[PDB]
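>>> Here is the sequence, then the experimental structure:
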Amino acid sequence: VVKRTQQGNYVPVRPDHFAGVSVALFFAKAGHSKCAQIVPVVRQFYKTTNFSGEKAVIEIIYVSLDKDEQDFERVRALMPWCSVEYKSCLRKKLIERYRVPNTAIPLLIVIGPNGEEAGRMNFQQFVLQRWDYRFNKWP
Amino acid sequence: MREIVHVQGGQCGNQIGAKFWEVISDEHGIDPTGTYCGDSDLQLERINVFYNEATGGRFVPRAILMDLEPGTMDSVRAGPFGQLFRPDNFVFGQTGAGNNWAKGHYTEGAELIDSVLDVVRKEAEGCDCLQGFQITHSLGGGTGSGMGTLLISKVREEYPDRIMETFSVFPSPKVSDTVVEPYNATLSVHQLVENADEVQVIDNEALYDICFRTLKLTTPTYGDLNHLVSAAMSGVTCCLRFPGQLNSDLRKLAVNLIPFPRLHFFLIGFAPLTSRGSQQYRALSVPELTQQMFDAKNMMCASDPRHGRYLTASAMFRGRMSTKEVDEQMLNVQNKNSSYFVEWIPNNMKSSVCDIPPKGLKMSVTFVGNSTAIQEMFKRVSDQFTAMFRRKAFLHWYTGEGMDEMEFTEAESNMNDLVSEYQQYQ
Amino acid sequence: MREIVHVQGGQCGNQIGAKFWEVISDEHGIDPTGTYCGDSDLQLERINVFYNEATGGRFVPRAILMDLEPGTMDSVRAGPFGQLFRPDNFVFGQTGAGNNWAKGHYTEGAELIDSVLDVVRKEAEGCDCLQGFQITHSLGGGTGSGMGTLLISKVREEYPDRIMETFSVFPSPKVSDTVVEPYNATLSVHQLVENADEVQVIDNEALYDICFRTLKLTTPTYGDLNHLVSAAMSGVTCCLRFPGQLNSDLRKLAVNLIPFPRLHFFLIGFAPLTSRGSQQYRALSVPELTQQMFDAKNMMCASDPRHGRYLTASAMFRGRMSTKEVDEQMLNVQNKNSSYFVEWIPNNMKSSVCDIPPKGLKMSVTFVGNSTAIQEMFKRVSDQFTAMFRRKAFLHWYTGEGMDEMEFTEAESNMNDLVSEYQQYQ
Amino acid sequence: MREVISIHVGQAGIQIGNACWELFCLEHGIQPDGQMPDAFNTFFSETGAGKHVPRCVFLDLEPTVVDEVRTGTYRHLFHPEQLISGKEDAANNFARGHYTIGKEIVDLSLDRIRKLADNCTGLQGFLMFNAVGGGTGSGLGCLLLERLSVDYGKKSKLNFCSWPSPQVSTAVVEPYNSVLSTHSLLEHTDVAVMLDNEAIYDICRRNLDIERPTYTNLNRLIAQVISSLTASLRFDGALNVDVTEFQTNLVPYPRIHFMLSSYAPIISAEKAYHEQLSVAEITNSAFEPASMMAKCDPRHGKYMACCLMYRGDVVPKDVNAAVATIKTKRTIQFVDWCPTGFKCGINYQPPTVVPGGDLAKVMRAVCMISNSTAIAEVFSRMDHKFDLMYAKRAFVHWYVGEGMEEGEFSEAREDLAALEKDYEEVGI
Amino acid sequence: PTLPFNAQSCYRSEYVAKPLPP
Amino acid sequence: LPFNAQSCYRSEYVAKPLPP
Amino acid sequence: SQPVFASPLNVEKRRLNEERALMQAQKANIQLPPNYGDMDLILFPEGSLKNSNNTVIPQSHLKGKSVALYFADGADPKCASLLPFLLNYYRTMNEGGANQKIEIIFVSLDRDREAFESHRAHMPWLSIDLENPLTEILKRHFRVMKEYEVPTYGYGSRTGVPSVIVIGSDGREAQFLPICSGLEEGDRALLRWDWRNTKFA
Ligand SMILES: Nc1nc2c(ncn2[C@@H]2O[C@H](COP(=O)(O)OP(=O)(O)OP(=O)(O)O)[C@@H](O)[C@H]2O)c(=O)[nH]1
Ligand SMILES: Nc1nc2c(ncn2[C@@H]2O[C@H](COP(=O)(O)OP(=O)(O)O)[C@@H](O)[C@H]2O)c(=O)[nH]1
Ligand SMILES: Nc1nc2c(ncn2[C@@H]2O[C@H](COP(=O)(O)OP(=O)(O)O)[C@@H](O)[C@H]2O)c(=O)[nH]1
Ligand SMILES: [Mg+2]
């Protein structure tokens, strides 16, 4: 129901994949000016922070406010973390829940095991580091 | 961080600078609409050297466009990559500095200094703390050499310790435009020796000679002439913007190139320059690039470097090249061209390696050197000025404007002594 | 809870006051058919401060609309946002005070004040508990400066402990219409300074400078000019309406910005103010906001505040915004510009932050200031009144309706000492 | 208690340090998050639950080398504020880093090193890392040398200074940036090792057989000498020699503490198969004149002292025979007043080779640090580069305009001339 | 032309339901 | 045209595997 | 996590091994997420490697040899320069002695099947047919890009055609032989191969 990547065919992620990691929701829409410079820095942070441990410690869920399925697909083709299908209703419920208008985007919300909000950081202007992976360990 | 503030002045400088932000934005990956594209973190982590973020996520260049004739600013807007600049940064004029150096500097030169210094002050103080001031202008025309050169002197008294550089074109040796060039260049050289840190000379007839041989182009417009000068422009500030194996700054290039406070005029060179036919049959190697380094037919300057000894030269290599093959080739070019260097300085070459080649190419190098053969334009323009002034020609639109004959005799005494010190050191 | 009663007078007030019921209409999202669209709580939470329920869900403004001619009254209910007002709150005059203050306050206004003040009582006493009254009028005019200033006197006699906050457009400094300016300004100031809790002044020549230099609008309409002054007139009472981090009201402003009960004539500014093509480009920050705010070119008062000292000043910011740069930049301005602030009230600055910004922008500021550079109006209006009274120019209409020459001496003297008691604290 | 502190200043020192903290991570097997999956205690600090943070401080006013460390994959190895980085580079000037743009971060660096130093008590030594040819390594590293000198005066300070090459420059102000460093580094540091870039170039063309290397291949092979020097602090061995005994065993007279370096074996997978590495030749290749690290041909010099830290499977009974071979050999001439000049050390740990590197997994290796009277040629040409450049005063006007007045050019030149004539006074 | 409302108060923006500890 | 240039440090100091 | 995370072999290996670990945990304390040494993968499927005479050989044959992938193109002049030297190196280095020391797996970037077969006929080592997708997964897995035609997830292109790289048992890339790289030692860096240490297992 929620999607991880694989080249050639699209594979869904396990619900037990998120065990013991910290999950950050990442809001972006393609063609937006600020999203194009928020994507690469959080890409580099994903790679560096999560791929020294033999156990991965973070996870980033991609939510797109795009207007087109093909545009969302071509930006998923650049996104190395996990995302969600466009036709599913979870993206719509999540954006209507976590208070994201359609210049606040892009923004990040680290959550907890219950899914309720544990921390908010925006990018309106070195702020990616304010999140610590040691905060939201899950059982 | 450190940010360079850009000044585009004169008819020539506004066209060269238009091609400057043309070539910087697409190697940094910013669309003419200002948005970023490319998804490469190295292109982004130092973008504030030339850009300011605009609270829409878009960028705006830190360039101030300044002239006294309103046509060329509308030309820059109408061109591509022309919507990047801020309309408040445009400071037009309406009289037109009619190629009279006095009136670009005093008569209607003074009435835009208030507006152009006010907008550069707003740019300068809002930042972290700046580094330097690159300006693009011309020493032949009037508003390039009056209006911008007064912007030199008013800024340098305002910030005395910061660096600033000029990429100025010069009067051509063979055929000149704007027939009062000898008055213009000599009256602008004795403001540059007092108030400029490095003056990188471009000469127009040599640029055509580059399009004669090393490119074998047929019909070069002012697009690709300015496009190749912009390549040298991007090379000197390449090493600030990007990391590398041996990083070098604009001020660090000035530390080791200017041996004495006066002689700071620089011959520029760019390699590779290949014809399109020979582009397939050519090995692009560090010992091969270093031979177009010391090619007299490759320099952007018009002088013949073989008639003098370089005092100090620097080479900003770009790309993923081996460090040994660099510094040995610098010693290779020094030992066999021993008669073409000066002897009372050991190990004259400076080299600096970045790790980012320019777009569309694998390896490049920008040459910035200090020759004693640059005395030719300081001698050929000199006896041009002393010839006309001996029969007092054309001076009545200077003497009728405010400059009397004390500074003209002073101005030649500045520049011919500059010929004397260059000859003193050889 | 708290309500503000909004009472309108004259043609100028009524054209300005139409824009208050346009800018407060869309900020609270009321539909000019009466209903609500915009589906958020935080507008509807505090709406009795300016509107009234009508048992059909529609929101009638608590506005009192008086004038002595019906021509401007036709323009109110015909345009956009015209069906909002209750017709019973439209009170008419047939004859019209022909820019005569005497019939504005003694002859024609005598048989209408008994009717317009009856309508105020129904709105004022009809609520639970009222906060204050606010007035918009002119001083050059007759129907605005006459019946308006008569109403302030007769409404203080019933509610002495509530606050008065009034805009009054002064006579123009340079060139002004309606040749009885000083007989309509001086005779209305000396009753304004004894009955108004706070008045803050607007100049049509001040808004000419702002809309031309800053807004860069080549064709400024009064529709545009009233919109600009209505933009600030939301901002001084905004923090009543929306929740915030450092809440302020008018009484908050009134206890803090008026040291002695004589001097309460303020100055108004507004930022951000950039043209249509610059909303895409400027970096909306608090540090650039405070630079725009302490400029004479921002000010809606045609005066130079750098010729005097700001005795007390206050800035009401709006928007989601950090409170350091609010506090520390108010520190920074007070420590750089030393002589621009009075000494014996250290840290002259009142800052208030409300969370919800006006629509279109994201951060905004409204600036007030009690300055001793407001001498330039009271001197300019006095010596124009002094020169035009020394030989009895145009007195025989004011004396014709029932005044005397003795009220004209006191109106000079009551405002002559006001010039000195600003000079006393400079 | 007894541990060591490392200072990296200038972008050469950062990248040398960058490779130095590669090999240190791989030797103790720490994972680059900071926690392994008490030998580690001699360089690290237990930041709670298994996290190790190294005892190193990076100092550069050029922000473009520290940020690429910050953004690199070793971002969480370091505690986020030993990497202190200024606003703008000192720009190859001794005067700029020592006076103008130095002081606003020296106080931060001094306050940085303090709480690291008093994490324990009885700390052993200091590890400098700088390019003495450039600006912010030479001038700034002096300030961190002199300010530490007055605070912590009972502590040894080891420097690893990349002396500028004879033929290679890559900076034309290096003759000026040396003599203005040598006076202000001689009487302030205890122990310093010469390393030259073209000498290690001639190492890698001949032994490891690469024609066109990179600085990353230089520093990785410099890092092998660094770890092998401090190996006795880390790892248990048959006969171990620590940092504190280099004034004890290597410094004859108090000024003279400039030492060369050497390393063997330095071979690829190329000829590791084709050659066995016995202790007879690894001590013969160590002293072989085309195998030092500083160009210094010792045929026109005389040795005075030598410290050999054999590491790996070395038995001590052939160590004694191997060094006896050298003394019998006649091409190497020790000085007459020093009868014995060999100090032997044996560690039990084989040297480690980094994955994807260019050195082969050797079984046993030797790291050599020597005093010779052959450093006369080293200081002679950089005296000879200075006196011609100043002979009619080139480049002076940025030195004078920045704060160094005229006279420090003079007084350092006879300071060096004192150092040259002292070496010749020794050898007779 | 109308314009949507896209702002919130500080207390309502941050004092949200928060994760209960284990 | 795409951009395909990386620094020396980033393209080299990959997370090497730990020795046994 | 070797060589690059944005790679289909790594992601399918961790998908399959995470599924296996979850199945083992459901059947039966095990660590989630598992360490990199815990993931094990049969790197080469059954119908992948074929020798001359076109006989498909299982992966289990490669034990005890130093194995290198060779990414090559038919039309490339540098490949045409490299092939004879590599033939002679294979010839000498492998007939010297008693064991089959080195072994080479050829992956083609050729522009059709005709070019693939024609360039394959010149070579004595093993090969992978172009129809099986393992070629495409392998070339992106080692990020060996001919031209910028396939987008990357921020990883820089290490090298292109021709390229030789020696392999480990867990899919870990041991080293790129510096043919067309930063070192650029053409036709001479083939002897930098470390066949004693690199042993497929
Ligand atoms: N061994 C080695 N030497 C290096 C390295 N990088 C730079 N150098 C040396 O550093 C010298 C120049 O000084 P830099 O380190 O680049 O700069 P600096 O000494 O810090 O002074 P600044 O100019 O202010 O940056 C050159 O002569 C090189 O020999 C390196 O990675 N390894
Ligand atoms: N390289 C270059 N030189 C130019 C260009 N346009 C004008 N010039 C030179 O400008 C010189 C005259 O100065 P000009 O800019 O025309 O006068 P200005 O109006 O005072 O700025 C001539 O010698 C031209 O060669 C251009 O596009 N490129
Ligand atoms: N700012 C502004 N001023 C106005 C407007 N209309 C009239 N005025 C000013 O009003 C003054 C005349 O007084 P006015 O209020 O019109 O007379 P009254 O309405 O009969 O009391 C003139 O000096 C105008 O400058 C308007 O729409 N906007
Ligand atoms: Mg540096």
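Structure received. Numbering: from 1, shown residues only, chains lettered A, B, ... in the order given. Ligands and ions are numbered 1, 2, ... in the order given.
>>> Burial check on residue 17, number of neighbours?
By default, I'm working from chain A. Neighbour count for residue A:17, taken as other CB atoms under 10 Å in any protein chain shown: 18. Every C-beta, even on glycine, is put in place using the N, C-alpha and C of the backbone.
>>> sorry, should have said chain E
Neighbour count of residue E:17, defined by other CB under 10 Å: 8.
>>> wait, doesn't it sit right on residue A:115?
No - here residue E:17 lies out of contact with residue A:115, judged by CB atoms under 8 Å, at a distance of 10.4 Å.
>>> residues touching the closest residue to chain G within the stretch 151-300 of chain B, list them.
Using CB to the nearest CB, the single residue of the stretch 151-300 of chain B nearest to chain G is residue B:285, 8.7 Å away. Contacts for residue B:285 (CB atoms under 8 Å, 6 or more residues apart in numbering or on different chains) come out as residue B:325.
>>> Please apply the same query to residue D:76.
Going by CB under 8 Å, 6+ apart, residue D:76 touches A:48-49, A:52, D:32-34.
>>> Residue D:18 versus the residue of the stretch 151-300 of chain B closest to chain G, what's the distance?
Using CB to CB, to the nearest Å, residue B:285 is found at 28 Å from residue D:18.
>>> related to what we said a few turns ago, can you pick out the most distant pair from the contacts of residue D:76?
Largest separation among these by CB to CB: A:48 and D:34, giving 12.7 Å.
>>> List the buried residues in stretch B:342-349.
Using 16 or more other CB atoms under 10 Å in any protein chain shown as the test for burial, stretch B:342-349 gives B:342, B:345-349.
>>> and what of stretch D:141-150?
Under 16+ other CB under 10 Å, the buried positions of stretch D:141-150 are D:141-149.
>>> Now find how far off-centre it is within its chain.
17 Å (CA atoms, centre = their mean, to the nearest Å).
>>> what is the spatially most central residue of chain A paired to in the beta sheet?
Centroid check for chain A by CA atoms, centre = their mean gives residue A:61 as the closest residue, at 2.8 Å. Beta-bridge pairing for residue A:61 (DSSP bridges): residue A:25, residue A:82.
>>> Pretty sure it sits against residue A:84.
Yes - using CB under 8 Å, residue A:61 is in contact with residue A:84, at 6.9 Å.
>>> what sits in contact with each of these two?
residue A:2.
>>> on that earlier part again, relative to residue G:19, how far out is the residue of the stretch 151-300 of chain B closest to chain G?
Between residue B:285 and residue G:19 the distance is 51 Å, computed by CB to CB.
>>> try residue G:75
Per CB to CB, residue G:75 is found 41 Å from residue G:19.
>>> again, but for residue B:397
Look at residue B:397 and residue G:19: by CB to CB, they are 88 Å apart.
>>> out of these two, which sits in the busier spot?
Counted by other CB under 10 Å, residue B:397 and residue G:19 do not tie: residue B:397 has more neighbours, with 16 against 11.
>>> Could you find the closest non-adjacent residue to residue 35?
Assuming you mean chain A. Distances taken as CB to CB, 6 or more residues apart in numbering or on different chains place residue A:28 nearest to residue A:35, at 4.3 Å, with adjacent residues excluded.
>>> right idea, wrong chain: chain D
Nearest residue to residue D:35 in three dimensions, chain neighbours excluded: residue D:50, at 4.0 Å (CB to CB, 6+ apart).
>>> Tell me how many other residues surround that neighbour.
Counted with other CB under 10 Å, the neighbours of residue D:50 add up to 13.
>>> Residue D:324 now?
Residue D:324 has 11 neighbours, counted by other CB under 10 Å.
>>> Please apply the same query to residue D:319.
For residue D:319, using other CB under 10 Å, the count is 21.
>>> Going along the chain, name the helices of chain G.
G:8-27, G:77-95, G:113-120, G:134-141 (DSSP state H).
>>> got it, and the stretch 101-250 of chain B?
B:101-102, B:110-125, B:147-158, B:182-195, B:204-212, B:224-236, B:238-241, B:250-255 (DSSP state H, counting those that start in this stretch).
>>> Compare these and give me the one nearest residue C:382.
helix B:110-125 (34.9 Å).
>>> and that closest one, how far out from the chain's middle?
For helix B:110-125, the distance to the chain centre is 22 Å (CA atoms, centre = their mean).
>>> Please, which helix or strand holds the one residue in chain A that gets nearest to ligand 4?
Of the residues in chain A, the one nearest ligand 4 is residue A:126, at a distance of 22.1 Å by CB to the ion. Under the criterion DSSP states H and E, no helix or strand holds residue A:126.
>>> What separation is there between the closest residue to chain A within chain E and ligand 2?
Nearest residue of chain E to chain A: residue E:19, at 3.8 Å (CB to the nearest CB). Distance of residue E:19 to ligand 2, given as CB to the nearest ligand atom, to the nearest Å: 63 Å.
>>> Go ahead and confirm residue D:67 touches residue D:75.
No - counting by CB under 8 Å, residue D:67 does not reach residue D:75; the two are 10.6 Å apart.
>>> what about the residue in chain G that ligand 4 sits nearest to, how many neighbours?
As assessed by CB to the ion, ligand 4 sits closest to residue G:182 within chain G, at 23.4 Å. When neighbours are defined as other CB under 10 Å, residue G:182 has 19 of them.
>>> out of everything not next to it in sequence, what's closest to it?
Excluding the flanking residues, the one nearest residue G:182 by CB to CB, 6+ apart is residue B:320, at 5.3 Å.
>>> before we move on, what about residue G:4?
Closest residue to residue G:4 apart from its sequence neighbours, by CB to CB, 6+ apart: residue G:155 at 5.0 Å.
>>> just residue B:128 next, same as before
residue B:1 (5.5 Å).
>>> Need the three-state assignment for the one you found.
Of the three states, residue B:1 takes coil under DSSP: H, G, I helix; E, B strand; the rest coil.
>>> Now do the contacts for it.
Applying CB under 8 Å, 6+ apart to residue B:1 gives the contacts B:46, B:48-49, B:128, D:63, D:87.
>>> how much space between residue D:46 and residue D:53?
Using CB to CB, we find residue D:46 at a distance of 9 Å from residue D:53.
>>> higher neighbour count, those two?
Under the criterion of other CB under 10 Å, the comparison of residue D:46 against residue D:53 puts residue D:53 first, with 18 against 13.
>>> I'd say the more buried one and residue D:78 touch.
Yes - Residue D:53 lies in contact with residue D:78 (CB under 8 Å); the separation is 6.7 Å.
>>> How about stretch G:9-27 and chain A, any contact?
Yes - remark: stretch G:9-27 sits within contact range of chain A at G:11-12, G:15, G:18-19, G:22, by CB under 8 Å from any CB of the partner chain.
>>> and residue A:91, how many residues sit next to it?
By the measure other CB under 10 Å, the count of residues near residue A:91 is 20.
>>> Quick check: which element contains it?
Assigned by DSSP H and E, residue A:91 falls in helix A:90-97.
>>> Name the next helix or strand downstream of that helix, please.
Proceeding C-terminally, helix A:90-97 gives way to strand A:107-111 as the next helix or strand, assigned by DSSP H and E.
>>> neighbouring contacts of that following strand?
Taking CB under 8 Å, 6+ apart as the rule, strand A:107-111 contacts A:22-27, A:42, A:98, A:100, A:117-123, A:128, A:131, A:135-136.
>>> ok so, going back, for the residue nearest to the centre of chain A, give me its contacts.
Contacts for residue A:61 (CB under 8 Å, 6+ apart) come out as A:2, A:23-26, A:81-84.
>>> what number of residues lie near residue D:88?
18.
>>> got the contact list for the nearest residue to it once chain neighbours are set aside?
With CB to CB, 6+ apart as the criterion, residue D:88 has its nearest non-adjacent residue at 5.5 Å, and that residue is residue B:2. Contact partners of residue B:2, counting by CB under 8 Å, 6+ apart, are B:49, B:128-132, B:240, B:249, D:87-88.
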